[PDB]
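# Summary of the model geometry
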Amino acid sequence: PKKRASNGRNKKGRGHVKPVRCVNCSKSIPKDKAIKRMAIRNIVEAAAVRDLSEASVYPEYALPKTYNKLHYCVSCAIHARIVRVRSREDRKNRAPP
Amino acid sequence: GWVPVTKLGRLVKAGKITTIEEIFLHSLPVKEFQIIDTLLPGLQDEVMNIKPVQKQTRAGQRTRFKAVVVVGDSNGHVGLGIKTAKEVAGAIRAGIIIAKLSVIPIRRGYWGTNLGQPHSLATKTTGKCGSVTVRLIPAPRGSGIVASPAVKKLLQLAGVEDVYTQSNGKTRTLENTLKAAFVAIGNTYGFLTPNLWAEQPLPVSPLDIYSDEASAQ
Amino acid sequence: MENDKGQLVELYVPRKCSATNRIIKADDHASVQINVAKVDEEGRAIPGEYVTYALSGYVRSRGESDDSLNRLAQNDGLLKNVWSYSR
Amino acid sequence: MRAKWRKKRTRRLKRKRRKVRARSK
Amino acid sequence: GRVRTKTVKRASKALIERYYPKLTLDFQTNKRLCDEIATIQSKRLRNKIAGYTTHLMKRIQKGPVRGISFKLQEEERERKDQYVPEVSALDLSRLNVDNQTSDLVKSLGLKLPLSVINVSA
Amino acid sequence: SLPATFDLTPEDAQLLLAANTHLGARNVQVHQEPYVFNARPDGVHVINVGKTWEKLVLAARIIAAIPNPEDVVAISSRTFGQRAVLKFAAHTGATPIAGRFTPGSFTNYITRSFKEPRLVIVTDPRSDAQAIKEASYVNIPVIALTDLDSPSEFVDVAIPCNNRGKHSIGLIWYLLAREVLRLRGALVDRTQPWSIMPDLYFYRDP
Amino acid sequence: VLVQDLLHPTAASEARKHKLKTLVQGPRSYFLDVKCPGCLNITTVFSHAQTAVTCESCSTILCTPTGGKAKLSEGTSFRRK
Amino acid sequence: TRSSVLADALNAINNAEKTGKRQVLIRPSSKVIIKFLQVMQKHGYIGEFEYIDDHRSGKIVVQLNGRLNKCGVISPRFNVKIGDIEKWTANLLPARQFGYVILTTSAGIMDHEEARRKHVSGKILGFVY
Amino acid sequence: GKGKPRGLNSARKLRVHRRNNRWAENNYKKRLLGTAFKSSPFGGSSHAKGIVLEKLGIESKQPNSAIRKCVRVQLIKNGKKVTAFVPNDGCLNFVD
RNA sequence: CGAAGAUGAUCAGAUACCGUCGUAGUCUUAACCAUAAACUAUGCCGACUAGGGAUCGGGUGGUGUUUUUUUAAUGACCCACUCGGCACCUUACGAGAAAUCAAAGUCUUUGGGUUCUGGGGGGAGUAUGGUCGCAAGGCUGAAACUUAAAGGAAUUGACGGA
Ligand SMILES: [Mg+2]
Ligand SMILES: [Mg+2]
Ligand SMILES: [Mg+2]
Ligand SMILES: [Mg+2]
Ligand SMILES: [Mg+2]
Ligand SMILES: [Mg+2]
Ligand SMILES: [Mg+2]
Ligand SMILES: [Mg+2]
Ligand SMILES: [Mg+2]
Ligand SMILES: [Mg+2]
Ligand SMILES: [Mg+2]
Ligand SMILES: [Zn+2]
């Protein structure tokens, strides 16, 4: 039976968007379905800031950041515990926590 | 002599409410079954189906026993209630209890020229429980109960003498068929015929008028 | 209903909803009957003497039995300027 | 028997049955 | 490991309900008068009942304990609750009324004092 | 039916216009635009307090029509009405329920909170919904202190009042007990104020 | 609302409807007696006028067509109907 | 599209009779709508209905009081003889003692009981009870 | 309008559509194609005499387990080969 | 990048996953094909029935911000409406077997108009015949025979290298 109203994706009015590649296993997956997380890490680690801080010219310099949009497939985002299958009443929630 | 709780039942053991038609008129929830025993003493019960439903456990099968029981006097009141119990004593005896609390009247009528003593119903009414749909149709005299013997017994105990039956869905599902029949005989009073178009004084309940020999502090 | 020889035979005339004219029937346990006491000079109870309305379960459950009673009590005089006909 | 995989078995037999009539003609 | 069963806590709560102007914050007299006012089949059972009941009173002397009702707190708790403030709330200190609040009072036709202040948007 | 003396006295309006009872919600339910008067900037909706009184007098006419005064059950789960419901309960007959309602009260005749009111008054139809829903099973009319954003399903009588402040809730409960006692043999004259002050219905901290 | 008066609705509740969905549909547009700054002569311009209307003297524009009402030419006095 | 405006009249009535309304609005006001509404009026099923003469085709506001359970169209307008009115009314109407099946007839748009008295017949429009 | 055309002049489109969808029944497709006489060894009849060739013992289907004691019969009227059950306790000794 | 194919490991076996290559293909031009879980498994048109807020595009009105610099264009934003759309949320009057659905409602109280399709499961989208295509195949499309269940939705358990 129809498990989700929005079937697995975000497509009510297209028929077709474009596919994207899963960054784990290179599965071709539609972009509206895929699963998207934004990873904004600091460049080094939080643990290694003070070592790079003392051993640097340019005091309080920038500590830059690494941004990358990650598209997963459903098989790879479940296995990497990103979406973590919910209950029948819970899965209707559309807020991040 | 049963210590009535529930104010309406306190008036009924008193003798202040003599008719169940006054309960029906103000739509009062009968929660105590001795209200029905005293007001409708000539009441007969027929136990029909004792089907055992079963529940799967880690091991074994626990076969509880359902019951459908129709109570009714053949002057225009029946009830119907389902009792799934561990034993068929508690299925039958408490099934008669739940049958009595649901007792509702039927608006008998005429196919008819209006020569005396209503023999039939006054309206084609339907009732839908599950896939089952039951239509009851007014019928001329001597028609008998043209119904399946499940729906025939519910209408015999409601005192209908002449009625036609359409059916749909799984009438072999016995619970839904009588439940859909019960909605059909229940909607006989819900149907606004032209002789009910007269504006009525909208009276005062016994629980307002007799508010001191009820509500025993 | 009556038979041929007079004899109003019914077994019971049901009440009506005062707002939507439906039959209030023996299982409508969402249906109410409100008694509103008439009031004598300078504001007492007149015990026993009511301005009585009945609402079926449908007009309540639709959320309209508020404004049903607003209209039903305004024309009886009980309310003065709460309900306006031209909505 | 996935019905798609029964199909490509059948489409194989669709060719062979119209081969054996062209064989005899 | 010292959580008490419902049969200790019901019987303790049933003692507080009908024997508050009796047994006090001492365990030893609570132990001894549960011999007369209750029929308890064991000495070990009686002492657990008498001890939680003793624990209950020590809680009652600082505030009521929910799940327990008797009159000795009931006419106490209303006597805290009859207090009226003489701060004259719902009396005018000097009545803040907006423009579309002044239009309402005018359209009721009544006599009120107001103070007209615009709303910042 | 109400001669001239049941008009909103301007001394009652100083109570209602200073307890912030006129400030309604930001979202008006379609069953409540009767009660709305001329929306203010920053979305403030002004309830007509004249229509508040006439519903309140009508409510008291319903309350002073049940011959036992005790089976007028009054409900308040929210704390802002919790003092006010008990002060309503002491002055009139008025079997109170303050705080949690314990479902199975109107039905479920074997319970220890088993009641059969002939009338229920609630403070918020949102929070007291278990009382309002269970009133729909045993034919009980419901009066309700309603804001403009509140569900009117199975609410027969709706007193349009602000439910955000504490003074607005407490005032309406005070005047509701008042007109019941005024419209029977308990507070005989209609023209003097009650010496029972409005602020004994009001919530306090701590 | 279960009882209302569709025959005589509120006139504010009539201006808050589409020009078709009212009780008697009709135009919400109008005509304007427009004067140029150059002279005194009188033209009649529709609301949603779809046309760069030119007068006798200032024969360039008096209103510019837009997607709705025509915007008048910023020096021209108008008067309704 | 809009083929039978009688259905556009008689579905706006049932949809608001069911929801307890004391009024409907009917668009677009045929004569057949009016002379259906007049038969429903004269037998006790609606109240006053008022026709709004706009300059196109008419709106109609009907005051529905409370007495109506079902009104509807039998589409297409079947040729009804005089010996099948007792088969047409026996299928649409709940009991014999009340309810009316509305015919079209060259003697006029009319219900079935007096069409049996007038000994006339014709096409069928619908029913009311 | 629930599928079908309702109109007065649409009696043909309903009648064509009925015959079209009438073929999906089991008896109408059998009776109108005449498979009783063409196929079906008893060519539309109820009883047919035949000549006994053989006595077969057919295994009964699982979960039953018995030998069913039929015979093999060539029909006199048609020459077709059929298997015929011999129903009672015994009675295979009665045939030949 | 990669049907095929070559090759490297493991597995008891691998004519498979995985690693490295790699023809056809993937791109295009000019012609064929005509199928997709071609899906919203929901024909198209029309009417009515219930509240909400957000967005898109269009329009109307603010002596509203924005350029607060004397009686401060235009865009953008804010607020209220209505027109149309993609959706959604809440309830469930109704509907259904339920999952759910303001449509899948206005349906035994069965008739707004109209097109196509289905008739227990297989055999079988098979045979044959016609037709279309360079072909792969497409469209139309059986019967004999066999079968007492197949299936749908939800419940409880059980089990999951969840
Ligand atoms: Mg699944
Ligand atoms: Mg697609
Ligand atoms: Mg068709
Ligand atoms: Mg390609
Ligand atoms: Mg296809
Ligand atoms: Mg399809
Ligand atoms: Mg299509
Ligand atoms: Mg829209
Ligand atoms: Mg088949
Ligand atoms: Mg085909
Ligand atoms: Mg072929
Ligand atoms: Zn000029």
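Described below are features of the structure shown in this document.

### Side note on the nonpolar core
- In terms of nonpolar packing, the biggest core is built from 80 residues, with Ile63(F), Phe88(F), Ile121(F), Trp173(F), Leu176(F) and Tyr201(F) touching the most fellow members.
- Here this core takes ten residues from helix α5 (residues 166–182) of chain F, the largest share from any one element.
- Core analysis: the next-biggest nonpolar cluster, separate from the first, contains 48 residues, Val12(B), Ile96(B), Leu155(B) and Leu178(B) among them.

### Focus: the pairing of strand β10 (residues 132–138) of chain B
All names here are of chain B.
- Burial within β10 is extensive, with five of its seven residues counted as buried.
- Pairing of strand β9 (residues 125–129) with β10, which is carried by five bridges, proceeds in the antiparallel orientation. The partner of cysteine 129 across the bridge, within β10, is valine 132.
- The loop that links β9 with its antiparallel partner β10 comprises two residues; one of these, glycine 130, has a positive phi angle of about 70°.
- Bridge analysis of β10 against strand β12 (residues 163–168) gives six bridges, and the strand direction is antiparallel. In the sheet register, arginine 135 faces β12, and the bridge partner there is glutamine 166.

### Some remarks on empty space enclosed by the protein
- Space inside the largest cavity adds up to approximately 470 Å³.
- Lining the largest cavity are 29 residues, and of these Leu28(B), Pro117(F), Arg118(F), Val138(F) and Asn139(F) sit closest to its centre.
- Elements supplying a minimum of two residues to the lining of the largest cavity: α1 (7–14) and α7 (206–209) of chain B together with β5 (32–37) of chain C.
- With four residues, the top contributor of residues to the lining of the largest cavity is β5(C).
- For the lining of the largest cavity, a count of residues per class yields 16 nonpolar, seven polar and six charged.
- A volume near 50 Å³ is recorded for the second largest cavity.
- In terms of lining residues, the second largest cavity is bounded by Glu64(C), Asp67(C), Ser68(C), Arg71(C), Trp83(C), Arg87(C), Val1(G), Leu2(G) and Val3(G).
- The residue inventory of the lining of the second largest cavity, partitioned by class, reads four nonpolar, one polar and four charged.

### Some remarks on the interface of chain F and chain C
- With 37 residues of chain F at the contact, the number on the chain C side is 39 residues.
- Summed over both partners, the interface of chain F with chain C comes to about 3100 Å²; 50% of that surface belongs to carbon and sulfur atoms.
- On the chain F side of the interface with chain C, the three residues burying the most area are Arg61(F), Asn139(F) and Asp156(F), jointly 20% of the side's total.
- One can count two salt bridges joining chain F with chain C.
- A salt bridge links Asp156(F) to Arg60(C); the shortest N-O distance between them is 2.4 Å.
- Counting across the interface, chain F meets chain C through 22 residue pairs in polar contact.
- Here the residues of the side of chain F that touches chain C sort into 21 nonpolar, six polar and ten charged.

About the cut-offs
Residues numbered from 1 in each chain as written, not as in the entry; some residues may be left out. Chains lettered and ligands numbered in written order. Part of a larger assembly, values for the part shown. Heavy atoms only, no water. Core = buried A, V, L, I, M, F, W, Y, C linked by side-chain atoms within 4.5 Å. Buried < 20%, exposed > 50% of the residue type's maximum accessible area, 1.4 Å probe, protein only. Helix = DSSP H or I, 4+ residues; strand = E, 2+ residues; numbered from the N terminus. Pairing = 2+ DSSP bridges. 1 Å grid on protein atoms, 1.4 Å probe; cavity = no way out; pocket = protein on both sides within 12 Å on 5 of 7 lines; lining within 4 Å. Points joined across faces, edges and corners; volume = space filled by probe spheres on them. Nonpolar A, V, L, I, M, F, W, Y, C, P; charged D, E, K, R; others polar. Contact = heavy atoms within 4.5 Å. Buried area = accessible area lost by both parts, 1.4 Å probe. Salt bridge = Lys/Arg side-chain N within 4 Å of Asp/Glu carboxyl O. Polar contact = N/O pair within 3.5 Å; in protein donor to acceptor, adjacent residues only side chain to side chain.

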